[PDB]
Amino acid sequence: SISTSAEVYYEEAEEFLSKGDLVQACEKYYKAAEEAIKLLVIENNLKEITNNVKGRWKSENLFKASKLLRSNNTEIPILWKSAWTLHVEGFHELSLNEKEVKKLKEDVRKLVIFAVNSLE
C-alpha cells in the first residue's frame, strides 16, 4: 500500500528518461536495483551477506547477494548484471544510447517487482 524505496527510484528513473536525462535515469535505475536486492536479501533472510554489511552497500555484496538469490529465482543474478551495466557504462562512462538504456532498465523493472512480491 506504500511504495518501496525500489519502486520510488524506478519512477524517478522513468521521469528522467522521459525528459531525456539518460545519465540521471541510469543512476536511478541502478539505485532501484540496489534497493530491490536489499529488500530481497531481507525477505529471504540472508544473514550471510547482512553480516558482511559494515548507508549503501559494497558492490561485491550486491553481486554476492544476486548470486546467492539464484535459488529463489534463477533470473536475478542476470537482471543484476544489467543494473551494473547501467551503473558503469551508463552513469560513469556516459556511453549508452536511449534504446540501450530502455533495454537494460527493463531488466531492472523485473527485478524491482520480484522484490515487491517477496514481501506480500
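The first residue of the shown sequence is 1; numbering continues from there.
Fill in: Extent of unmodelled deposited sequence, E48 relative to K47
Nothing is missing between them.
Practice prompt. Would you tell me which stretch averages the higher CA B-factor in the PDB entry, 55-63 or 76-84?
Written response: The entry gives the higher C-alpha B-factor average to 55-63.
Practice prompt. Look over 89-97 and 23-31 in the entry and identify the one with the greater average Cα temperature factor.
Written response: Averaging CA B-factors over each stretch, the winner is 89-97.
Practice prompt. Classify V41 as lowest, middle or highest third according to the C-alpha B-factor given in the PDB entry, relative to its own chain.
Written response: As the PDB entry reports it, the C-alpha B-factor of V41 lands in the middle third of its chain.
Worksheet item: C-alpha B factor of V8, ranked within the chain: lowest, middle or highest third?
Response: Bottom third by C-alpha B-factor.
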